[PDB]
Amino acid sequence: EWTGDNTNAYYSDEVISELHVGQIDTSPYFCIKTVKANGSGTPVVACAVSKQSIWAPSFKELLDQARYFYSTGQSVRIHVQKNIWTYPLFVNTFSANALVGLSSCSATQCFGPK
C-alpha cells in the first residue's frame, strides 16, 4: 500500500482549518478539516486512529505533520482513503476518510503523488 496509490483520493490547495484530538475504543485519534485556500469547493474531513486501519503505523508522523501545517496555515495537498471508519456516530461527526498523507504545495504544484 502507498499514500500514492490511485485508489486514494487527494485534494490540492487546501488549508488545515480545524484540528480535533480525542479517544475511541482505547485508541487516541485525531481529525482535521481542510478548506480550499481560495474559498471554493466543500470542506474535507479526515481522521487517523492510532490502533486502527492499515495506516495506523504512521499515526504519530501524520499528527505531527498535521499540527505543523495547521500552525502555519500554508496550502497543502491532503491524501485520504475513503470509506475506512465505520462507527456511524463518529463518521457522522467527522467522516469515514482515513488520512494517509500530507504534502506541501508550491505556487503551481504540490510536492506529492498525483
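All residue numbers refer to positions in the sequence shown, first residue = 1.
- Between the stretches 1-9 and 104-112, it is 104-112 that shows the larger average CA temperature factor.
- The mean C-alpha temperature factor is higher for 37-45 when 24-32 and 37-45 are set side by side.
- Compared with the other modelled residues of the chain, the Cα B-factor recorded for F69 ranks in the lowest third.
- When the modelled residues of the chain are ordered by their C-alpha B factor, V80 lands in the lowest third.
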